[PDB]
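Undergrad: I'd like to ask you about the structure that follows.
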Amino acid sequence: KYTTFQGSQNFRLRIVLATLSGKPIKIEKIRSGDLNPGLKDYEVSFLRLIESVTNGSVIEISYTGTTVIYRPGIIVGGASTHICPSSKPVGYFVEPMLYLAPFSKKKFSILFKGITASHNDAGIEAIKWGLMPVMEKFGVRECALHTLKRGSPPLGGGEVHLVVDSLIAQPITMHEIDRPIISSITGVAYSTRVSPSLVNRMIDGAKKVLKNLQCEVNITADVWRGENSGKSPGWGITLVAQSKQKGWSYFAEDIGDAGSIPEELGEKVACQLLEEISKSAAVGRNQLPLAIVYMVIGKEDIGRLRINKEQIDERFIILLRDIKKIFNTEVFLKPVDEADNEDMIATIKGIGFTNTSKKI
Amino acid sequence: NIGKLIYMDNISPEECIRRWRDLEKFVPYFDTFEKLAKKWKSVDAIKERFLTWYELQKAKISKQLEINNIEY
Amino acid sequence: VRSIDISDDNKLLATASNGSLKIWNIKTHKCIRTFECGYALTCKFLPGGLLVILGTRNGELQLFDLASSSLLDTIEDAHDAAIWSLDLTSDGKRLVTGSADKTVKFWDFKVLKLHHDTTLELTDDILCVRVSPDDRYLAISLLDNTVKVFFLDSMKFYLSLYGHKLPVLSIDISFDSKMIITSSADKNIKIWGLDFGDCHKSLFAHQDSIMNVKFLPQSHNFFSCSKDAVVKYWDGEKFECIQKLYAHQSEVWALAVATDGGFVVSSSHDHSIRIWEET
């Protein structure tokens with residue numbers, strides 16, 4: 001009768017917007033046409049992570065297991081452990097906590113043990129400097145993802161430590177109209193339980209493809225020895241384009257698998273980064289939901305951010321429809337005057353939210 | 001146009017974008033690896049992108065209110 | 001005798017320094033087709049039998065038969081330095097060999113004779129070659145102590161690996177293309193994972209030098225000879241020496257298994273070859 005939703009599409013965003021806005025939510029028909037219908041194990045463990053990180057939020061599930069009614073409590077945050085199930089790595093759990101985090105009572109010092117990263121989901125270094133600098137631009141100061149034990153795709157056993165300790169009152173409003181002049185193209189390549197020459201065969205191919213450019217290329221290498229190597233061999237590569245003059249970033253990452261040649265994987269992440277940096281304006285396409293949720297929980301004023309005509313696709317449409325059903329904020333889409341690059345300026349008036357859990 | 005195209009309830013998102021012209025999977029979209037590698041064998045299309053305190057605070061908030069009104 | 005070939009169950013072969021490509025059978029043991037080629041070191045059959053490909057320490061590569069007259073084809077200066085080992089593919093039409101002029105070259109059987117198609121340069125004197133029994137990948141052993149694995153549809157340098165601290169001199173590949181076995185002259189074989197190249201057990205036996213390791217091609221278990229007259233066979237799940245065999249007297253140069261049930265024949269420096277079979 002109050003807030004109804006269909007399907008497990010953008011489900012993490014539905015639950016994180018319910019607990020930020022403080023409105024009760026109800027989502028039914030979580031893949032109801034299926035032989036194994038209802039809530040999967042990773043999202044049930046995600047909901048009990050939410051219950052561990054909040055207080056007073058009650059969660060009830062139907063006997064079908066496809067209907068979830070959620071009252072929200074207050075975001076206490078704090079320090080706790082959380083084993084994550086092997087169906088889904090730590091990125092899928094940490095990336096909604098990364099914008100639920102900075103408003104709580106205590107500091108966020110929460111450690112995730114399990115699979116580090118996989119293909120469809122976010123890597124740890126990927127979120128580290130593809131999403132902590134955009135958080136630093138939106139207003140937080142002290143945030144870190146202490147990677148203190150890497151894991152692996154099929155067995156995992158890795159340990160990350162999300163710690164944010166800048167309890168901001170509210171995110172400051174954002175003003176980005178210029179396409180950022182990309183100064184540096186950096187990246188890292190990580191390897192676990194393999195030969196170290198796999199890293200060089202990644203990096204020489206990737207910077208061979210990107211070496212025809214005037215930009216300063218700098219990719220670093222890390223192997224993980226000892227018990228920081230996880231429990232299965234695996235290796236990945238991530239690259240960011242860092243614009244230092246205002247501090248923006250774009251990024252692309254991938255992890256190899258059985259038969260993945262390091263040269264062609266470096267070529268694939270290099271071309272994927274060029275796809276993202278040609279397709280995206282002023283913010284990463286994967287950085288976009290965090291960007292619009294901080295702009296919509298900004299101060300009671302308008303904040304404006306440039307995106308291009310490529311950025312508007314079905315994920316962005318279901319994002320804006322989600323926020324328009326949760327706290328009914330129309331996003332105004334101005335066009336930029338120079339039509340050589342068909343860019344929209346999204347202006348969003350932030351709902352006047354403050355964090356209401358601070359001992360003062 | 002595109003604002004009422006988004007906020008109209010009836011149409012699907014892909015029908016909206018094809019009239020104009022699943023997010024648990026975090027990863028951004030991508031084309032064929034060989035296709036965009038062959039397209040970007042030369043990458044000079046992206047060369048256009050590549051290359052006192054109280055009166056300070058009052059000026060900050062008043063310029064915020066002024067740009068708020070000027071796009072209102 | 002430097003090398004052994006063996007067919008399914010019937011005919012067997014010995015390769016020596018004079019060129020005595022002796023054609024044997026396990027039931028009457030008379031050398032059927034004795035002839036003379038030269039300083040030969042490694043060899044292989046053709047999969048229906050009756051046709052024998054064989055290299056030499058000279059610059060040559062020769063092919064012989066069973067029924068008709070002995071010499072059919074030879075390619076002199078196929079590699080202008082010594083060659084070490086050769087392999088048919090999983091089917092028996094290509095012919096890869098490696099040679100200490102830092103070259104590995106392919107050949108194609110055409111009709112009676114051979115035909116060179118593709119050379120490949122390496123940064124070291126290559127001295128061993130092994131191709132998977134499903135043509136998934138080939139592996140080469142280089143005295144700058146490394147093992148390189150290439151594919152076969154592309155030969156696109158899949159995995160460079162190292163870690164033996166002496167020239168590795170024998171490679172084998174698992175029967176179902178999941179695990180390779182590298183073996184050097186520091187008495188330490190290494191069972192190696194395949195998807196990325198993780199070592200599993202860098203285990204140690206045959207207290208002077210491993211001379212040849214070979215794979216029991218039914219399960220994933222394997223025989224390893226020595227240079228000190230001992231041949232063991234190991235299992236590839238618990239990595240313990242499930243059998244030692246002490247019954248030679250000198251440097252066991254070569255061995256070869258037979259694909260019917262893992263029916264193995266070994267050959268040493270003391271001119272003796274012998275047959276090991278089931279209990």
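Following the order of the structure tokens, first chain is A, next is B, and so on, with residues numbered from 1 inside each chain and ligands from 1 in the order they appear.
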List every residue of chain A that has an atom at most 6 Å from any atom of chain C, giving for each one its closest atom pair and the distance in Å to one decimal, counting only C-alpha atoms, sorted by chain and then by ascending residue number, as CSV.
TA:
```
residue,atom,partner,partner_atom,distance
A:194,CA,C:198,CA,5.4
A:258,CA,C:195,CA,4.4
A:259,CA,C:195,CA,5.7
```
Undergrad: I'd like the contact shell of residue 208 of chain C - 9 Å cut-off, only C-alpha atoms, skipping same-chain residues fewer than 5 positions apart - returned as number ranges by chain.
TA: C: 185-187, 226-228
Undergrad: Would you mind listing what lies within 7 Å of residue 71 of chain A as a PDB file with C-alpha atoms, in the first residue's frame, with only C-alpha atoms counted and same-chain residues fewer than 5 positions away left out?
TA:
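The resulting part.pdb:
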```pdb
ATOM      1  CA  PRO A  24       9.407   1.430   4.073  1.00  0.00           C
ATOM      2  CA  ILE A  25       9.698  -0.640   0.924  1.00  0.00           C
ATOM      3  CA  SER A  57      15.313  -2.248  10.484  1.00  0.00           C
ATOM      4  CA  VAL A  58      13.066  -5.312  10.404  1.00  0.00           C
ATOM      5  CA  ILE A  59      13.034  -7.640   7.384  1.00  0.00           C
TER       6      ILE A  59
END
```
Undergrad: Counting only C-alpha atoms, which of A:192, A:228, A:21, A:10 gets nearest to chain B?
TA: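 Going through A:192, A:228, A:21, A:10 one by one, the smallest distance to chain B is for A:10.
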Undergrad: Report, in Å with one decimal, the straight-line distance from atom CA of residue 281 of chain A to atom CA of residue 118 of chain A.
TA: 26.4 Å
Undergrad: Using only C-alpha atoms for the distances, tell me which of A:41, A:51, A:340, A:314 is nearest to chain B.
TA: A:314
Undergrad: Excluding residue 180 of chain C and its own-chain neighbours fewer than 2 positions away, which residues fall within 10 Å of it when counting only C-alpha atoms? Please give them as a PDB file with N, CA and C atoms, in the first residue's frame.
TA:
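Full text of around_27.pdb as output:
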```
ATOM      1  N   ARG C 130      57.129 -31.450 -26.680  1.00  0.00           N
ATOM      2  CA  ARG C 130      56.031 -32.384 -26.454  1.00  0.00           C
ATOM      3  C   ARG C 130      54.703 -31.733 -26.802  1.00  0.00           C
ATOM      4  N   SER C 132      50.461 -32.060 -26.952  1.00  0.00           N
ATOM      5  CA  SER C 132      49.350 -32.680 -26.242  1.00  0.00           C
ATOM      6  C   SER C 132      48.675 -33.762 -27.085  1.00  0.00           C
ATOM      7  N   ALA C 139      54.533 -27.833 -25.934  1.00  0.00           N
ATOM      8  CA  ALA C 139      55.451 -27.332 -24.930  1.00  0.00           C
ATOM      9  C   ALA C 139      56.865 -27.609 -25.392  1.00  0.00           C
ATOM     10  N   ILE C 171      59.577 -33.286 -21.067  1.00  0.00           N
ATOM     11  CA  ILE C 171      58.235 -32.770 -20.840  1.00  0.00           C
ATOM     12  C   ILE C 171      57.253 -33.895 -21.123  1.00  0.00           C
ATOM     13  N   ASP C 172      56.154 -33.915 -20.376  1.00  0.00           N
ATOM     14  CA  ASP C 172      54.975 -34.656 -20.782  1.00  0.00           C
ATOM     15  C   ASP C 172      53.732 -33.843 -20.458  1.00  0.00           C
ATOM     16  N   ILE C 173      52.631 -34.220 -21.096  1.00  0.00           N
ATOM     17  CA  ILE C 173      51.356 -33.527 -20.993  1.00  0.00           C
ATOM     18  C   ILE C 173      50.319 -34.573 -20.609  1.00  0.00           C
ATOM     19  N   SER C 174      49.350 -34.187 -19.775  1.00  0.00           N
ATOM     20  CA  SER C 174      48.332 -35.100 -19.284  1.00  0.00           C
ATOM     21  C   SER C 174      47.468 -35.643 -20.417  1.00  0.00           C
ATOM     22  N   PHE C 175      46.847 -36.794 -20.150  1.00  0.00           N
ATOM     23  CA  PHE C 175      46.103 -37.503 -21.184  1.00  0.00           C
ATOM     24  C   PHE C 175      44.825 -36.771 -21.562  1.00  0.00           C
ATOM     25  N   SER C 177      44.490 -33.361 -20.991  1.00  0.00           N
ATOM     26  CA  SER C 177      44.858 -31.963 -21.220  1.00  0.00           C
ATOM     27  C   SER C 177      44.530 -31.087 -20.010  1.00  0.00           C
ATOM     28  N   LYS C 178      45.125 -31.444 -18.876  1.00  0.00           N
ATOM     29  CA  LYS C 178      44.855 -30.730 -17.637  1.00  0.00           C
ATOM     30  C   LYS C 178      46.086 -30.429 -16.800  1.00  0.00           C
ATOM     31  N   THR C 182      57.107 -31.433 -15.979  1.00  0.00           N
ATOM     32  CA  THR C 182      58.401 -30.983 -16.445  1.00  0.00           C
ATOM     33  C   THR C 182      59.485 -31.619 -15.592  1.00  0.00           C
ATOM     34  N   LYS C 190      58.509 -31.581 -11.631  1.00  0.00           N
ATOM     35  CA  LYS C 190      57.478 -30.647 -11.207  1.00  0.00           C
ATOM     36  C   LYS C 190      56.199 -30.980 -11.947  1.00  0.00           C
ATOM     37  N   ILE C 191      55.175 -31.339 -11.193  1.00  0.00           N
ATOM     38  CA  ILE C 191      53.829 -31.421 -11.730  1.00  0.00           C
ATOM     39  C   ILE C 191      53.251 -30.016 -11.743  1.00  0.00           C
ATOM     40  N   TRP C 192      52.774 -29.584 -12.903  1.00  0.00           N
ATOM     41  CA  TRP C 192      52.410 -28.200 -13.138  1.00  0.00           C
ATOM     42  C   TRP C 192      50.954 -28.105 -13.551  1.00  0.00           C
ATOM     43  N   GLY C 193      50.211 -27.257 -12.846  1.00  0.00           N
ATOM     44  CA  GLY C 193      48.881 -26.880 -13.263  1.00  0.00           C
ATOM     45  C   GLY C 193      48.907 -26.126 -14.575  1.00  0.00           C
ATOM     46  N   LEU C 194      47.746 -26.068 -15.210  1.00  0.00           N
ATOM     47  CA  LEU C 194      47.687 -25.740 -16.623  1.00  0.00           C
ATOM     48  C   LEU C 194      47.020 -24.413 -16.943  1.00  0.00           C
ATOM     49  N   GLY C 197      49.460 -21.966 -14.735  1.00  0.00           N
ATOM     50  CA  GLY C 197      50.838 -22.388 -14.653  1.00  0.00           C
ATOM     51  C   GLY C 197      51.327 -22.511 -13.232  1.00  0.00           C
ATOM     52  N   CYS C 199      52.624 -24.259 -10.077  1.00  0.00           N
ATOM     53  CA  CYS C 199      53.247 -25.511  -9.685  1.00  0.00           C
ATOM     54  C   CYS C 199      52.469 -26.133  -8.539  1.00  0.00           C
ATOM     55  N   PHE C 215      54.127 -40.494 -19.418  1.00  0.00           N
ATOM     56  CA  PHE C 215      52.808 -40.453 -18.808  1.00  0.00           C
ATOM     57  C   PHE C 215      52.036 -41.727 -19.101  1.00  0.00           C
TER      58      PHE C 215
END
```
Undergrad: Please identify which residues in segment 94-271 of chain A DSSP calls strand (DSSP E or B) from the backbone, and express them as a PyMOL selection string.
TA: chain A and resi 108-114+143-149+158-164+175-176+182+184-192+216-224+234-243+248-255
Undergrad: Go ahead and dump the residues you just picked, C-alpha atoms, as a PDB file, in the first residue's frame.
TA:
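Final output, saved to result_33.pdb:
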```
ATOM      1  CA  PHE A 108      32.886   2.065   9.293  1.00  0.00           C
ATOM      2  CA  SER A 109      35.569  -0.534  10.001  1.00  0.00           C
ATOM      3  CA  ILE A 110      34.080  -3.647   8.428  1.00  0.00           C
ATOM      4  CA  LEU A 111      36.093  -6.549   7.026  1.00  0.00           C
ATOM      5  CA  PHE A 112      34.912  -8.825   4.224  1.00  0.00           C
ATOM      6  CA  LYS A 113      36.273 -12.353   3.856  1.00  0.00           C
ATOM      7  CA  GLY A 114      35.595 -14.329   0.706  1.00  0.00           C
ATOM      8  CA  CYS A 143      37.987   6.639   3.205  1.00  0.00           C
ATOM      9  CA  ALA A 144      39.981   3.510   2.472  1.00  0.00           C
ATOM     10  CA  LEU A 145      39.676  -0.072   1.289  1.00  0.00           C
ATOM     11  CA  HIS A 146      42.541  -1.801   3.100  1.00  0.00           C
ATOM     12  CA  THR A 147      43.230  -4.859   0.959  1.00  0.00           C
ATOM     13  CA  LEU A 148      44.968  -7.003   3.549  1.00  0.00           C
ATOM     14  CA  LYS A 149      44.544 -10.410   1.887  1.00  0.00           C
ATOM     15  CA  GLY A 158      40.603 -13.047   0.732  1.00  0.00           C
ATOM     16  CA  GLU A 159      40.241 -10.203   3.192  1.00  0.00           C
ATOM     17  CA  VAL A 160      39.367  -6.588   2.533  1.00  0.00           C
ATOM     18  CA  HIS A 161      38.752  -3.950   5.185  1.00  0.00           C
ATOM     19  CA  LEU A 162      36.403  -1.131   4.251  1.00  0.00           C
ATOM     20  CA  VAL A 163      37.126   1.690   6.669  1.00  0.00           C
ATOM     21  CA  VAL A 164      35.633   5.140   6.303  1.00  0.00           C
ATOM     22  CA  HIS A 175      29.451  21.468 -10.157  1.00  0.00           C
ATOM     23  CA  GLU A 176      31.016  19.800 -13.195  1.00  0.00           C
ATOM     24  CA  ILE A 182      42.993  13.698 -18.700  1.00  0.00           C
ATOM     25  CA  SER A 184      47.688  10.669 -16.355  1.00  0.00           C
ATOM     26  CA  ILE A 185      46.811   7.099 -17.310  1.00  0.00           C
ATOM     27  CA  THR A 186      47.810   4.810 -14.449  1.00  0.00           C
ATOM     28  CA  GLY A 187      46.866   1.351 -13.314  1.00  0.00           C
ATOM     29  CA  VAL A 188      47.843  -1.734 -11.377  1.00  0.00           C
ATOM     30  CA  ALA A 189      48.190  -5.403 -12.255  1.00  0.00           C
ATOM     31  CA  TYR A 190      47.720  -7.935  -9.478  1.00  0.00           C
ATOM     32  CA  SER A 191      48.710 -11.596  -9.475  1.00  0.00           C
ATOM     33  CA  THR A 192      47.983 -14.408  -7.005  1.00  0.00           C
ATOM     34  CA  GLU A 216      51.839   9.803 -19.333  1.00  0.00           C
ATOM     35  CA  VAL A 217      51.279   6.054 -18.938  1.00  0.00           C
ATOM     36  CA  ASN A 218      52.206   4.428 -15.630  1.00  0.00           C
ATOM     37  CA  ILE A 219      51.122   0.915 -14.719  1.00  0.00           C
ATOM     38  CA  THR A 220      52.443  -0.793 -11.604  1.00  0.00           C
ATOM     39  CA  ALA A 221      52.848  -4.440 -10.692  1.00  0.00           C
ATOM     40  CA  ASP A 222      52.081  -6.443  -7.586  1.00  0.00           C
ATOM     41  CA  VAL A 223      52.336 -10.114  -6.898  1.00  0.00           C
ATOM     42  CA  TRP A 224      51.013 -11.465  -3.629  1.00  0.00           C
ATOM     43  CA  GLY A 234      44.229 -15.763 -10.427  1.00  0.00           C
ATOM     44  CA  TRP A 235      45.354 -12.438 -11.821  1.00  0.00           C
ATOM     45  CA  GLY A 236      43.724  -9.221 -12.924  1.00  0.00           C
ATOM     46  CA  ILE A 237      44.456  -5.829 -14.408  1.00  0.00           C
ATOM     47  CA  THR A 238      42.888  -2.427 -13.854  1.00  0.00           C
ATOM     48  CA  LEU A 239      43.584   0.962 -15.387  1.00  0.00           C
ATOM     49  CA  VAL A 240      42.373   4.407 -14.398  1.00  0.00           C
ATOM     50  CA  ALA A 241      42.630   7.677 -16.251  1.00  0.00           C
ATOM     51  CA  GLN A 242      43.265  10.216 -13.504  1.00  0.00           C
ATOM     52  CA  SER A 243      42.727  13.928 -14.108  1.00  0.00           C
ATOM     53  CA  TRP A 248      38.320  12.913 -11.651  1.00  0.00           C
ATOM     54  CA  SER A 249      38.816   9.342 -12.792  1.00  0.00           C
ATOM     55  CA  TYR A 250      37.665   6.772 -15.306  1.00  0.00           C
ATOM     56  CA  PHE A 251      38.566   3.113 -15.102  1.00  0.00           C
ATOM     57  CA  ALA A 252      38.317  -0.372 -16.551  1.00  0.00           C
ATOM     58  CA  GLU A 253      39.279  -3.759 -15.144  1.00  0.00           C
ATOM     59  CA  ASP A 254      39.227  -7.471 -15.875  1.00  0.00           C
ATOM     60  CA  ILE A 255      40.438 -10.740 -14.368  1.00  0.00           C
TER      61      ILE A 255
END
```
Undergrad: My list of candidates is A:286, A:173, A:357, A:116. Which is closest to residue 60 of chain B when distances are computed with only C-alpha atoms?
TA: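 So, comparing all the options, the nearest one is A:173.
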Undergrad: Please, which residues in chain A fall within 7 Å of chain B when counting only C-alpha atoms, and what is the closest atom pair and distance in Å to one decimal for each, ordered by chain then residue number, as CSV?
TA:
```
residue,atom,partner,partner_atom,distance
A:9,CA,B:22,CA,4.7
A:10,CA,B:23,CA,4.8
A:120,CA,B:27,CA,5.6
A:121,CA,B:26,CA,5.2
A:122,CA,B:26,CA,6.5
A:181,CA,B:50,CA,5.9
A:182,CA,B:50,CA,5.4
A:183,CA,B:51,CA,6.8
A:215,CA,B:51,CA,6.8
A:268,CA,B:33,CA,6.3
A:271,CA,B:37,CA,5.9
A:278,CA,B:46,CA,6.6
A:285,CA,B:28,CA,6.6
A:286,CA,B:28,CA,5.7
A:301,CA,B:68,CA,6.4
A:302,CA,B:68,CA,5.8
A:313,CA,B:17,CA,6.4
A:314,CA,B:13,CA,5.1
A:315,CA,B:23,CA,6.5
A:317,CA,B:13,CA,6.0
A:321,CA,B:7,CA,6.7
A:332,CA,B:3,CA,6.8
A:333,CA,B:3,CA,6.4
```
Undergrad: Report, in Å to a single decimal, how far apart atom CA of residue 30 of chain A and atom CA of residue 89 of chain A are.
TA: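 If I compute the distance from atom CA of residue 89 of chain A to atom CA of residue 30 of chain A, I get 20.8 Å.
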Undergrad: For a test of reading the model, state the distance in Å between atom CA of residue 134 of chain A and atom CA of residue 294 of chain A, rounded to one decimal.
TA: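 Taking atom CA of residue 134 of chain A as the start and atom CA of residue 294 of chain A as the end point, the length is 9.9 Å.
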Undergrad: With DSSP run on the backbone, what are the helix (DSSP H, G or I) residues within chain B? I'd like them as an MDAnalysis selection string.
TA: chainID B and resid 2:7 13:20 33:39 44:46 53:71
